[PDB]
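Counting neighbours? That spans all protein chains shown, and the Cβs are built from the backbone with ideal geometry, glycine included. The values are calculated or read from the model by the stated rules, or taken from the named source; no laboratory read-out is quoted.
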Amino acid sequence: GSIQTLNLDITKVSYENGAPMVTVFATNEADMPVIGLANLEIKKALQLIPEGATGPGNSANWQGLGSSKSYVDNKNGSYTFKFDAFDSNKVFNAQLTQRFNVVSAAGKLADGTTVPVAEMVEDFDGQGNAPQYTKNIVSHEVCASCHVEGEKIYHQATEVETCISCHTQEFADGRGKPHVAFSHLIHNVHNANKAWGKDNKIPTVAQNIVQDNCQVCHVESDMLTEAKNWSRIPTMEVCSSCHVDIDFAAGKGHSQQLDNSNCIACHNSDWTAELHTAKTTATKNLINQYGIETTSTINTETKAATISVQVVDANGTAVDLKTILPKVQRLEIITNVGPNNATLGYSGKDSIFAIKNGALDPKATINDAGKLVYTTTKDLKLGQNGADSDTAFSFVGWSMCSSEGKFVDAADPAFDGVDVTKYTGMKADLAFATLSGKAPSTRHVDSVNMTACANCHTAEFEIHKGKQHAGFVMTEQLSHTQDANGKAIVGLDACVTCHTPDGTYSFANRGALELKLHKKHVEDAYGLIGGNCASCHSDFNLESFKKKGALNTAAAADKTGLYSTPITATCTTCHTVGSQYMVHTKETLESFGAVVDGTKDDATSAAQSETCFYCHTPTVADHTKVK
Ligand code: HEC
Ligand code: HEC
Ligand code: HEC
Ligand code: HEC
Ligand code: HEC
Ligand code: HEC
Ligand code: HEC
Ligand code: HEC
Ligand code: HEC
Ligand code: HEC
Ligand SMILES: [Ca+2]
Ligand SMILES: [Ca+2]
Ligand SMILES: [Ca+2]
Ligand SMILES: [Ca+2]
Ligand SMILES: [Ca+2]
């Protein structure tokens with residue numbers, strides 16, 4: 001027995017006896033009644049003090065009426081709560097909106113059926129009818145973009161409405177701690193201007209992901225009638241959460257404000273909304289002004305790839321590159337071979353900055369058709385490593401010079417790209433060519449795609465933007481397949497040009513794409529992801545292992561490469577051999593056909609000898625499934 005989803009509805013609220021009687025109906029993912037819940041509770045009963053009631057400019061706030069774990073299982077999927085101690089403070093007002101926060105703890109029914117956590121709020125008028133007014137600003141779904149759905153976020157609960165129901169203005173006032181009001185706390189813990197908690201945690205990582213972008217949590221919605229409160233209700237209590245150096249009482253860093261009466265008179269919604277979103281809006285506008293369309297052909301006699309880049313405008317119309325060359329900050333072309341098992345390594349790949357700060361490299365030209373044209377100089381070794389090695393794949397990244405939301409001419413040929421306020425990474429592209437002239441091989445893209453990355457990093461993520469790279473914006477420009485609904489898949493297959501089976505610049509960094517995303521995110525995003533493979537994966541492509549060879553897993557004492565068989569290499573990124581995270585010894589892994597941190601030749605020869613998937617049957621839902 002296992003329930004996948006527990007749905008909760010408050011179906012009836014009756015005040016016929018004084019204190020409300022509250023009926024909850026519980027169903028599973030199949031809409032069948034759930035009988036026997038043992039940990040159902042009204043975690044909070046509240047009523048809504050309306051906006052301005054506590055003073056001009058002040059927020060609406062949730063006033064406490066108690067809680068209850070007292071209920072009858074009616075044996076039909078419904079549960080009826082009573083309150084032993086309703087409204088201890090004697091503030092109940094039937095003219096106010098009434099809220100109930102209902103939670104069901106993860107656990108087991110009696111029959112042993114597993115039941116997942118469930119939370120909800122529902123609002124009512126003072127007689128249990130539909131409510132007359134609400135404070136509906138955000139919904140739990142925005143938090144699930146970045147925090148694993150169904151797991152506690154910091155503590156107590158899994159859904160933002162539960163946090164909001166306890167972290168009230170009344171709660172903060174009662175503790176003498178303004179900062180624990182949820183509308184203060186939530187900005188505080190994602191903003192690095194001040195630390196939080198006894199430990200003085202500086203939110204460096206939250207700051208680097210969220211970047212004060214109001215629109216990752218504040219989203220307009222017919223379902224959320226107070227969604228525009230983020231710009232319409234300026235208060236010292238909320239604005240000070242990130243604006244930490246103003247003292248409104250003393251008039252330091254701002255004119256004196258003794259209350260919230262005048263904030264909106266000067267801080268109009270249009271200005272607050274515009275000023276906090278201006279820069280991301282302007283950047284997104286610049287990224288969407290141009291595209292590129294890239295082709296690649298192999299000379300059958302020289303075995304060199306020629307890559308052609310067509311700039312296009314927002315409508316897909318040709319732009320001659322000569323017209324915008326002075327504004328191009330960088331354009332880079334990286335070519336590798338064998339899209340399912342890259343063969344040239346990091347050191348052997350072909351790479352060029354065809355354009356730097358408005359100057360063509362002498363190896364790149366613009367033809368009479370207005371296309372940039374570049375021919376590889378490295379030995380591509382086409383056809384030297386089986387059918388996959390027939391195919392060259394070329395990744396194009398580029399950037400435009402930009403200031404205050406406009407493209408500008410490059411004024412400084414030596415501009416180093418460190419100052420990311422001076423340029424915009426643009427839409428990257430991927431082009432395939434074959435030596436044989438047959439259709440190209442392509443890597444699988446059916447297990448991970450850029451939609452998952454964009455949940456935390458946004459669709460405008462300028463990957464590697466800085467001193468070393470233009471910034472790769474990943475879009476349908478480099479899609480070559482569709483999912484089962486016909487949606488273009490934006491794969492990470494182009495990243496393999498550098499993230500090769502031989503690693504990146506050093507044999508020490510687990511640079512292969514099969515290892516690198518796991519290594520970065522298990523080290524730096526475990527608070528968000530932990531073991532949640534679904535944060536990136538729709539599926540595992542286990543069949544892809546049959547196209548892999550050796551994967552670089554370590555550097556020897558002399559700085560040369562050590563390699564593992566590909567399943568062992570992939571699992572060991574998070575399961576280090578000889579650590580507390582890996583039960584299998586090296587000897588045991590070798591008994592299962594593996595090479596652990598051996599020579600490229602030994603790992604290549606053994607790459608299809610691993611018996612791991614005889615026992616292991618990983619799925620995204622449970623990657624641990626085995627024996
Ligand atoms: C991605 C853009 C995010 C969205 C949307 C939300 N949160 Fe977040 N949060 C995020 C990061 C990158 C971090 C820092 C993690 C780290 O490792 O340092 C956080 C941090 C928090 C915290 C602090 C405690 C913690 O879990 O580390 C809280 C309490 C928190 N976040 C809550 C939260 C809620 C309730 C959200 C929806 C309104 C929410 N976050 C959105 C990234 C993102
Ligand atoms: C009451 C039933 C709570 C619910 C639901 C949530 N939290 Fe909470 N939180 C609670 C208490 C009693 C405290 C200590 C307050 C104090 O006096 O210091 C907290 C504290 C936090 C903090 C630390 C805030 C700070 O020190 O600046 C965070 C980041 C926090 N709580 C987050 C949080 C989130 C995201 C919740 C919903 C998932 C949540 N809390 C619910 C009580 C209650
Ligand atoms: C998620 C990590 C958020 C980001 C980023 C920002 N805000 Fe936010 N805000 C968030 C929550 C969960 C809440 C509480 C909502 C509730 O129902 O209590 C808020 C609240 C505000 C408010 C208060 C509105 C009111 O009625 O008093 C304001 C003025 C506000 N938020 C503004 C704001 C701005 C300007 C941001 C970008 C700079 C922004 N928020 C980011 C969650 C998150
Ligand atoms: C963190 C999530 C923030 C909250 C909450 C609020 N603001 Fe903010 N504000 C923030 C940043 C990162 C910036 C710089 C933005 C940029 O692109 O330049 C700002 C800026 C302002 C400004 C302009 C700067 C100035 O010196 O006055 C104003 C007037 C401003 N912010 C007002 C404001 C108000 C009224 C808020 C509560 C509704 C508020 N901010 C919240 C980050 C955050
Ligand atoms: C008009 C007479 C104002 C009243 C009343 C309030 N504020 Fe203000 N504020 C005003 C100006 C002209 C500026 C500078 C704008 C700029 O872009 O330079 C501000 C600034 C702020 C900021 C930003 C602080 C910073 O980034 O340095 C915040 C967060 C802010 N103001 C909030 C705020 C609140 C909450 C008010 C009522 C208590 C309030 N301001 C009153 C103009 C006026
Ligand atoms: C939220 C749950 C995330 C998902 C999904 C993905 N990434 Fe991520 N990434 C996340 C965090 C919290 C951090 C560390 C930030 C810090 O400041 O330390 C990262 C880091 C990266 C980096 C490093 C560069 C950077 O901008 O910090 C890269 C290049 C990166 N992440 C890429 C990436 C890709 C391609 C993803 C889809 C496979 C991806 N991330 C998912 C949080 C999250
Ligand atoms: C060669 C021009 C590269 C391309 C194309 C991509 N990456 Fe990269 N990446 C590269 C180097 C030299 C390094 C540092 C050494 C190392 O292997 O760690 C990286 C690093 C990453 C990281 C780790 C964190 C960081 O340093 O930013 C991640 C998560 C990463 N790279 C992801 C990534 C993705 C998703 C790419 C396709 C969009 C991608 N890289 C392309 C070199 C190059
Ligand atoms: C985003 C930060 C990721 C998380 C979280 C996890 N995986 Fe992953 N995985 C990721 C990428 C970018 C790739 C490379 C795809 C490529 O083209 O090489 C992978 C690859 C795997 C593979 C190889 C098979 C495949 O589908 O490509 C396996 C078996 C795999 N990942 C397993 C896995 C497990 C078990 C996770 C949860 C603990 C997990 N991944 C998280 C990115 C991310
Ligand atoms: C990082 C992105 C991971 C990759 C890649 C893989 N695993 Fe994993 N695994 C990971 C975590 C964070 C955990 C939970 C650890 C804890 O105790 O909380 C696990 C757990 C397992 C387990 C269960 C633990 C045990 O002692 O056996 C198994 C069997 C397991 N993982 C197997 C496994 C295999 C076969 C992988 C390659 C296909 C693999 N994991 C990759 C994180 C990550
Ligand atoms: C059956 C005889 C097995 C073969 C063949 C392989 N593994 Fe295994 N593995 C097995 C069991 C019974 C367990 C523990 C399961 C549990 O829940 O406790 C494991 C565990 C792992 C783990 C998790 C390690 C940890 O977290 O400590 C990993 C990463 C793992 N196994 C990988 C792995 C690889 C790469 C194999 C082929 C070389 C392999 N296993 C073979 C059972 C069996
Ligand atoms: Ca209802
Ligand atoms: Ca819910
Ligand atoms: Ca802070
Ligand atoms: Ca293309
Ligand atoms: Ca075999």
* To do: Kindly establish whether residue 355 is in contact with a strand residue (DSSP E or B) (Cβ under 7 Å, 6 or more places away or on another chain), surrounded by 21 or more Cβ atoms within 10 Å (Cβ to Cβ) and in the same structural domain as residue 431 (by CATH).
  => yes
* Asked: Looking at 149, 122, which one is within 21 Å of residue 39 (Cα to Cα), assigned to a loop (DSSP other than H, G, I, E, B) and within 13 Å of ligand 12 (Cβ to nearest atom)?
  -> 149
* To do: Hey, can you tell me all the residues within region 542-579 that are away from ligand 7 (no atom under 16 Å from the Cβ), of a type outside the set (A, V, I, L, M) and in contact with a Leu (Cβ under 7 Å, 6 or more places away or on another chain)?
  => 564, 566, 568
* Does region 43-52 contain any residue that is on the phi > 0 side of the Ramachandran plot, within 16 Å of ligand 5 (Cβ to nearest atom) and surrounded by fewer than 20 Cβ atoms within 10 Å (Cβ to Cβ)? -> yes
* Pair list, Cβ < 9 Å and 6+ apart or interchain, from region 186-209 residues that are under 22 Å from residue 140 (Cβ atoms) to residues that are among the small types (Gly, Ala, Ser) and in a helix (DSSP H, G or I) -> 189/206; 190/206; 191/206
* Considering each of 165, 240, 183, 255 in turn, give the residue that is away from ligand 8 (no atom under 16 Å from the Cβ), among the hydroxyl-bearing types (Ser, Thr, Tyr) and exposed (fewer than 15 other Cβ atoms within 10 Å of the Cβ). => 255
* Inter-residue pairs, beta-carbon under 6 Å, first touching a residue at least 24 places away in the same chain (Cβ under 8 Å) and among the charged types (D, E, K, R) and in region 457-468, second surrounded by fewer than 17 Cβ atoms within 10 Å (Cβ to Cβ) and outside any loop (DSSP other than H, G, I, E, B), 6+ apart -> 460/284; 465/420
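What about residue 165, is it within 33 Å of the chain's Cα centre (by Cα), hydroxyl-bearing (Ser, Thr, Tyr) and part of a helix (DSSP H, G or I)?
Working: within 33 Å of the chain's Cα centre (by Cα): yes; hydroxyl-bearing (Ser, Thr, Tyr): yes; part of a helix (DSSP H, G or I): yes.
Here the answer is yes, as residue 165 does meet what is asked.
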* Asked: For region 499-524, how many residues are among the charged types (D, E, K, R) and within 10 Å of ligand 6 (Cβ to nearest atom)?
  -> 4
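Here is a check on your reading of the model: is residue 522 of a type outside the set (D, E, K, R), in a loop (DSSP other than H, G, I, E, B), under 19 Å from the mean Cα position of the chain (by Cα) and within 13 Å of ligand 7 (Cβ to nearest atom)?
On the way: of a type outside the set (D, E, K, R): yes; in a loop (DSSP other than H, G, I, E, B): no; under 19 Å from the mean Cα position of the chain (by Cα): yes; within 13 Å of ligand 7 (Cβ to nearest atom): yes.
For residue 522, the condition - of a type outside the set (D, E, K, R), in a loop (DSSP other than H, G, I, E, B), under 19 Å from the mean Cα position of the chain (by Cα) and within 13 Å of ligand 7 (Cβ to nearest atom) - is not met.
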* For residues that are farther than 30 Å from residue 29 by Cβ, under 39 Å from the mean Cα position of the chain (by Cα) and among the aromatic types (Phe, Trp, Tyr), tally how many sit in region 81-134. => 1
* To do: Could you check, for region 183-204, whether at least one of its residues is outside the structural domain of residue 100 (by CATH), in contact with a strand residue (DSSP E or B) (Cβ under 7 Å, 6 or more places away or on another chain) and of a type in the set (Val, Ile, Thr)?
  => yes
* **Unique match (being over 29 Å from the mean Cα position of the chain (by Cα), away from ligand 14 (no atom under 16 Å from the Cβ) and loosely packed, with under 15 Cβ neighbours inside 10 Å) among 299, 260, 285** => 299
* Only one of 52, 66 is free of Cβ contacts under 8 Å to residues at least 60 places away in the same chain and not in a loop (DSSP other than H, G, I, E, B); which? -> 66
* Take region 153-181 and flag every residue that is more than 22 Å from residue 527 (Cβ to Cβ) and within 16 Å of ligand 5 (Cβ to nearest atom). => 169, 178, 181
* Does region 377-400 contain any residue that is within 14 Å of residue 341 (Cα to Cα), within 28 Å of the chain's Cα centre (by Cα) and buried (at least 16 other Cβ atoms within 10 Å of the Cβ)? -> yes
* Structure fact -> Of (1) assigned to a loop (DSSP other than H, G, I, E, B); (2) without any contact (Cβ under 8 Å) to a residue 40 or more places away in the chain, residue 454 satisfies every one except (1)
* Going by the conditions given, is residue 473 within 16 Å of ligand 9 (Cβ to nearest atom), buried (at least 19 other Cβ atoms within 10 Å of the Cβ), outside the structural domain of residue 153 (by CATH) and within 22 Å of the chain's Cα centre (by Cα)? -> no
* To do: Go over the candidates 432, 461, 507 one by one and state the one that is within 18 Å of the chain's Cα centre (by Cα), more than 12 Å from ligand 8 (Cβ to nearest atom) and of a type outside the set (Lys, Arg).
  => 461
* Answer with yes or no whether residue 492 is farther than 24 Å from residue 606 by Cβ, within 16 Å of ligand 3 (Cβ to nearest atom) and crowded, with 17+ Cβ neighbours inside 10 Å. => no
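The rows are residues; the columns are (1) closer than 22 Å to residue 193 by Cα; (2) within 16 Å of ligand 1 (Cβ to nearest atom); (3) of a type in the set (A, V, I, L, M).
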| position | (1), (2), (3) |
| --- | --- |
| 241 | yes, yes, no |
| 248 | yes, no, no |
| 260 | no, no, no |
| 270 | no, no, no |
